[PDB]
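One structure is given here, and the rest of the page talks about it.
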Amino acid sequence: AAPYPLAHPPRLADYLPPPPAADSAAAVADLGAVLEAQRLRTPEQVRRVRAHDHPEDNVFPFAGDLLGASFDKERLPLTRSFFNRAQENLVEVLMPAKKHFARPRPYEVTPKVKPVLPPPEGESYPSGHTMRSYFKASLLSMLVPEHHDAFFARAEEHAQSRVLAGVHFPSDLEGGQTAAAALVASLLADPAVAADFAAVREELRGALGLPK
């Protein structure tokens, strides 16, 4: 799947604060939550979060229970495509921002932290997962305003799963959240994308039998 040919994608760095400094009463709170989340995470909670991604069409397992079994990857060719292409449009603004900020991971700050997800090497800010999640919720919530509140509580579940897992601090999530925003605005501003997203409102609402 290919990205939408955005003339001007946004440099997330411009839209984000830098992470808390090493001492920054902020830094100790951040690290303190990850270790509190470690203290309190249950064995059923760990095995859940080690479910396994496989992005493929990650929008469907994202909702799919929050929408019907009308929400068919198989029956929604325009929707399916959009989400796959925009996801790529996201990867392209995440990877640079991630690198620019080169933030140490929680476990690269103290081995008292035991990540239960496979633990990448730094670039801990912002949070790509958090970003993919709020990103999807955002676009869905526009298409299906009815379940707005539902999609956003879904994106939270996801986002938080990372602090639990030990691969991100809470402030990493704050970043993913803000960025998701910037990218959505920047993406639907392009009238070629805006066109496709209209066709996807009809496909998906029509598929779900919703009015307007």
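Quick note: the coordinates plus some simple rules give every number you see, no bench work behind them. As a convention, Cβ positions derive from the backbone with ideal geometry for all residues, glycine included, and neighbour counts pool all protein chains shown.
Could you check, for the stretch 139-158, whether at least one of its residues is within 14 Å of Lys98 (Cβ to Cβ) and surrounded by fewer than 20 Cβ atoms within 10 Å (Cβ to Cβ)? No, the stretch 139-158 contains no residue that is within 14 Å of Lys98 (Cβ to Cβ) and surrounded by fewer than 20 Cβ atoms within 10 Å (Cβ to Cβ).
Within the stretch 36-65, being aliphatic (A, V, I, L, M) and farther than 18 Å from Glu174 by Cβ holds for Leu40, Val46, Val49, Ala51, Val59, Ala63.
Pick out the one residue from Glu202, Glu174, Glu156 that is in a helix (DSSP H, G or I), of a type in the set (D, E, K, R) and farther than 29 Å from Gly68 by Cβ.
Numbers: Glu202 fails: farther than 29 Å from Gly68 by Cβ; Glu156 fails: farther than 29 Å from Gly68 by Cβ.
Just a single option satisfies the conditions, and that option is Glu174.
Looking across the stretch 72-99, the residues that are surrounded by 15 or more Cβ atoms within 10 Å (Cβ to Cβ), closer than 18 Å to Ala180 by Cβ and not small (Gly, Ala, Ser) come down to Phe82, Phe83, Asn84, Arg85, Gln87, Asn89, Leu90, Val93, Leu94, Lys98. When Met131 is tested against (1) surrounded by fewer than 24 Cβ atoms within 10 Å (Cβ to Cβ); (2) in a helix (DSSP H, G or I); (3) of a type in the set (A, V, I, L, M), only condition (1) is not met.
Of all residues assigned to the stretch 155-167, at least one qualifies as being within 19 Å of the chain's Cα centre (by Cα) and farther than 21 Å from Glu36 by Cα.
Looking at the stretch 1-47, which of its residues are among the charged types (D, E, K, R) and touching a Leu at 6+ places or on another chain (Cβ under 9 Å)?
First, pick out the residues of the stretch 1-47 that are among the charged types (D, E, K, R): 11, 14, 23, 30, 36, 39, 41, 44, 47.
Answer for the stretch 1-47, where residues must be among the charged types (D, E, K, R) and touching a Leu at 6+ places or on another chain (Cβ under 9 Å): just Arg41.
In the set (1) closer than 20 Å to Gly209 by Cβ; (2) free of Cβ contacts under 8 Å to residues at least 40 places away in the same chain; (3) of a type outside the set (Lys, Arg); (4) crowded, with 18+ Cβ neighbours inside 10 Å, the condition left unmet by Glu123 is number (1).
Please give the helices (runs of 4 or more DSSP H) falling wholly within the stretch 35-103 in which 3 or more residues are within 20 Å of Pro5 (Cβ to Cβ), within 17 Å of the chain's Cα centre (by Cα) and in contact (Cβ under 8 Å) with a residue 24 or more places away in the chain. Before you say what the answer is, go through the steps one by one.
Details: elements: 43-49, 59-62, 77-100.
Correct list: 77-100.
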